[PDB]
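>>> Below: the sequence, then the experimentally determined structure.
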Amino acid sequence: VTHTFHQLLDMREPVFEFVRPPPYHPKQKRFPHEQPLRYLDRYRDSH
Amino acid sequence: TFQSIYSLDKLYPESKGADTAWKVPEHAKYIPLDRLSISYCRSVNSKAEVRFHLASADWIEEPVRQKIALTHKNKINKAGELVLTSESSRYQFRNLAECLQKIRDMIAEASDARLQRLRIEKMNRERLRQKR
Amino acid sequence: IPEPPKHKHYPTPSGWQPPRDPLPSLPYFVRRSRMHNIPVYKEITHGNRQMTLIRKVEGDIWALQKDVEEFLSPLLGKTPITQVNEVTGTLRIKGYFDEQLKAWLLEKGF
Amino acid sequence: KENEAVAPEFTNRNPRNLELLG
Amino acid sequence: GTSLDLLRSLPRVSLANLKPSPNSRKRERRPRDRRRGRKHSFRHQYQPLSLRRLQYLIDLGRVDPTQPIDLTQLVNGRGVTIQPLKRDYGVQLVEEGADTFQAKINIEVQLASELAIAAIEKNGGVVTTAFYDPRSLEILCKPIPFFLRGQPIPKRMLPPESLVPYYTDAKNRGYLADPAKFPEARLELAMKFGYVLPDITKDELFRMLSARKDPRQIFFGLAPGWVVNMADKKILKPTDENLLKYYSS
């Protein structure tokens, strides 16, 4: 197939794979009003 | 400079030197930072990506490199570099610190029926390929 | 309060930037606060009506209102609801739009 | 080159493509 | 300004012309006619200063970058509002603003965040924590009044046993911490972030940045037990040996 695509078809070999969705990111609040560390601790990675 | 019974020299007789607090210890242990490449994407949490070429990297011993590649192949780019990112904190240094710590863990931790079936299906195809 | 010190590169790492030079030649001039900040304040009344107020407006307030109405109509999606207090030289706008206006004010060169 | 023109994602319509791939 | 053109044309105003602003005064009801006819203290009240709040002060030059950060200078710069009647006992920082505050400078705060300490040290700043008695701190914020009273500079107090572990802790960077551990501690903090530790000694102003007053000493400039010639704008030092014994006591 590489020979066919390059020699006579004269093109780069097409390569495909399942496209994954964009990463999901939580949207933290700029000012955590009345937000403690224990509650934020669970939400944040550190815990 | 005024001194009293509570001065640092008197309080800690062993550390009576002027630079006892201002000294720097010698060099110890440890990922080489220079080798690593760090890119920061500001998604607020500053997304940080640390990527290095696993195979080419010589600081990692070769047996560890192979084990890391097999264990975390999913994290290796087509170029062969090991890519890990952190976007879980509002602090850029925390993302860098988290990325560095994961690299350290990988170094320390690192330090068939499928093939038969592929033969069977290939063998089946050859037998299936019988119209002559 | 001392005047802000000159910085080699603007905007400042925090984000502060002095008024743009040259100043715009528009009929209305908006002066900065004594702290050298944009005179825009977010205000809420009755606990449900979000508002933003511009106070230090100099010149033709009507010209500023026309430009403000034009700028906010696309972003808001319709003509903004506002009341003009010409006696005090202040303009009141329903909703919170300080961020867009503050950026827009920088574009004007104020 | 005209041949090089290729879509970003492939369009496989074989019903057994997923089944054969697993 | 066409409004000014109106002013010049208008004649001189008089006292009688004065009129109350519209809606300034509401109506009042009086019975003249039928209308109204017929019918925790022990816990320190720590006051934080945000890193973002810290950055703008440096940006605006409100606090001199050359001078090390001092709580009194913040009071002089009106950075924070402290009420003795509120009996505020502590000073700390806000975790917000880590990535918007890129600066290095020497600073002393009663309380400092462990993460924040490394970040400013990563920039190159020097951070330590000192204990000021709530009564002494109130005096510290307002030096002139006690001079008017005539009180002399007293020795700085020490924390209660409840808070002694915090100040004595090396990681907390308290003045009660062991200096011998600081070189080792500073390296450890650098490794935690991984940044290359910049030696304070390398800094040209190292002595100015690293200078620290005695635990008994309230003021780096003024030793404890000193007196000030406020009238003569000078400093008076006691020359009595018994006073030294009093200070020793």
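Arrived safely. Numbers count the residues shown, from 1 in each chain, chains lettered A, B, ... in the order given.
>>> how much space between whichever residue of chain B sits closest to chain D and residue D:19?
Minimum separation of chain B from chain D (CB to the nearest CB) falls at residue B:121, amounting to 9.2 Å. C-beta: built from backbone N, CA, C; applies to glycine. If you measure residue B:121 against residue D:19 using CB to CB, to the nearest Å, the figure is 13 Å.
>>> same deal with residue E:124?
For residue E:124, the distance to residue D:19 under the criterion CB to CB works out to 62 Å.
>>> what do you get for residue B:117?
Applying CB to CB to residue B:117 and residue D:19 gives a distance of 15 Å.
>>> same question, residue B:114
Using CB to CB, residue B:114 is found at 17 Å from residue D:19.
>>> For chain A, what lies in contact range of chain E?
For chain A, the residues in contact with chain E (CB under 8 Å from any CB of the partner chain) are residue A:31.
>>> Tell me the residue in chain A that is farthest from the middle.
residue A:8 (37.3 Å; CA atoms, centre = their mean).
>>> what does the lengthiest helix in chain E contact?
For chain E, the longest helix by residue count, based on DSSP state H, is helix E:181-193. Outside of helix E:181-193, the residues within contact range by CB atoms under 8 Å, 6 or more residues apart in numbering or on different chains are B:20-25, B:28, B:93, B:96-97, E:117-119, E:121-122, E:170-171, E:173, E:196-197.
>>> So which bits of that helix are buried?
Along helix E:181-193, these residues count as buried under the neighbour rule (16 or more other CB atoms under 10 Å in any protein chain shown): E:181-183, E:185-190, E:192-193.
>>> As CSV, could you dump the C-alpha coordinates of it?
The C-alpha atoms that make up helix E:181-193 are tabulated as CSV, following Å, rounded to 0.1, in the frame of the first residue of the first chain:
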residue,chain,number,x,y,z
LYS,E,181,18.2,23.8,59.4
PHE,E,182,17.6,26.8,57.1
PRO,E,183,20.3,25.9,54.6
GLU,E,184,18.9,22.4,54.5
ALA,E,185,15.3,23.6,54.5
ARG,E,186,15.9,26.1,51.7
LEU,E,187,17.3,23.3,49.4
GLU,E,188,14.4,21.0,50.3
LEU,E,189,11.9,23.7,49.2
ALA,E,190,13.7,24.2,46.0
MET,E,191,13.6,20.5,45.2
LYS,E,192,9.8,20.4,46.0
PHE,E,193,9.1,22.8,43.2
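>>> before we move on, what SS does residue 6 have?
Just so you know, I chose chain A. For residue A:6, the secondary structure call by DSSP: H, G, I helix; E, B strand; the rest coil comes out as helix.
>>> do the same with residue E:93
The local conformation at residue E:93, judged by three-state DSSP, is strand.
>>> Where is the longest helix in chain C?
Longest helix in chain C by number of residues, with DSSP H as the criterion: helix C:61-76.
>>> Show me what that one is packed up against.
Counting contacts by 3 or more CB pairs under 8 Å, 6 or more residues apart in numbering or on different chains; DSSP states H and E, helix C:61-76 packs against strand C:82-85, strand C:90-94, helix C:98-108.
>>> try 10 Å
strand C:49-54, strand C:57-58, strand C:82-85, strand C:90-94, helix C:98-108 (3 or more CB pairs under 10 Å, 6 or more residues apart in numbering or on different chains; DSSP states H and E).
>>> want to throw those into JSON lines with distance to chain A and mean neighbour count?
As requested, those are exported to JSON lines (distance: least, CB to the nearest CB, whole Å; neighbours: other CB atoms under 10 Å in any protein chain shown):
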{"stretch": "strand C:49-54", "distance to chain A": "16", "mean neighbour count": "17"}
{"stretch": "strand C:57-58", "distance to chain A": "28", "mean neighbour count": "16"}
{"stretch": "strand C:82-85", "distance to chain A": "26", "mean neighbour count": "13"}
{"stretch": "strand C:90-94", "distance to chain A": "22", "mean neighbour count": "18"}
{"stretch": "helix C:98-108", "distance to chain A": "11", "mean neighbour count": "15"}
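>>> Just tell me which of the ones you listed ends up closest to residue B:108.
Closest to residue B:108 of those, according to CB to CB: helix C:98-108, at 46.5 Å.
>>> What subset of the contacts of helix E:181-193 is buried?
Neighbour-count burial (16+ other CB under 10 Å) applied to the contacts of helix E:181-193 gives B:20-24, B:93, B:96-97, E:117-119, E:121-122, E:170, E:173, E:197.
>>> which two from those residues end up farthest apart in space?
Farthest-apart pair in those is B:20 and B:96; separation 31.1 Å (CB to CB).
>>> what pairs with the closest residue in space to residue E:110 that isn't next to it in sequence across the strands?
Spatial nearest neighbour of residue E:110, chain neighbours left out: residue E:91 (4.2 Å); criterion: CB to CB, 6 or more residues apart in numbering or on different chains. The partner list for residue E:91 in beta bridges (DSSP bridges) reads residue E:47.
>>> Pretty sure residue E:91 sits against residue E:70.
No. With contact defined as CB atoms under 10 Å, residue E:91 does not reach residue E:70; the gap is 11.3 Å.
>>> who touches both of the two?
Listed contacts common to residue E:91 and residue E:70 are E:108-109; contacts here mean CB atoms under 10 Å, 6 or more residues apart in numbering or on different chains.
>>> The two: who's more crowded?
In this view residue E:91 and residue E:70 are compared by other CB atoms under 10 Å in any protein chain shown, and residue E:91 has more residues nearby, 22 against 17.
>>> What ranges does the chain have for its helices?
Went with chain A since none was named. With DSSP H as the criterion, chain A has helices at A:2-3, A:37-43.
>>> could you do chain E instead?
With DSSP H, the ranges of helices along chain E come out as E:2-9, E:51-59, E:71-76, E:114-123, E:134-141, E:143-149, E:164-168, E:181-193, E:206-210, E:241-248.
>>> Dump those helices to TSV, plus distance to residue C:8.
TSV is the format used below for those (distance: least, CB to CB, whole Å):
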stretch	distance to residue C:8
helix E:2-9	41
helix E:51-59	12
helix E:71-76	24
helix E:114-123	18
helix E:134-141	35
helix E:143-149	36
helix E:164-168	39
helix E:181-193	27
helix E:206-210	23
helix E:241-248	48
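>>> which one of those helices lies closest to residue E:107?
Distances from residue E:107 to each of the helices of chain E were compared by CB to CB, and the smallest falls on helix E:114-123, at 7.1 Å.
>>> is that closest one anywhere near chain C?
No. Between helix E:114-123 and chain C, judged by CB under 10 Å from any CB of the partner chain, nothing touches; the nearest distance is 11.6 Å.
>>> ok, residue 43 - how many residues close by?
The chain I'm using is chain A. With neighbours defined by other CB under 10 Å, the count for residue A:43 comes to 12.
>>> Wait, chain C was what I had in mind.
Residue C:43: 13 surrounding residues under other CB under 10 Å.
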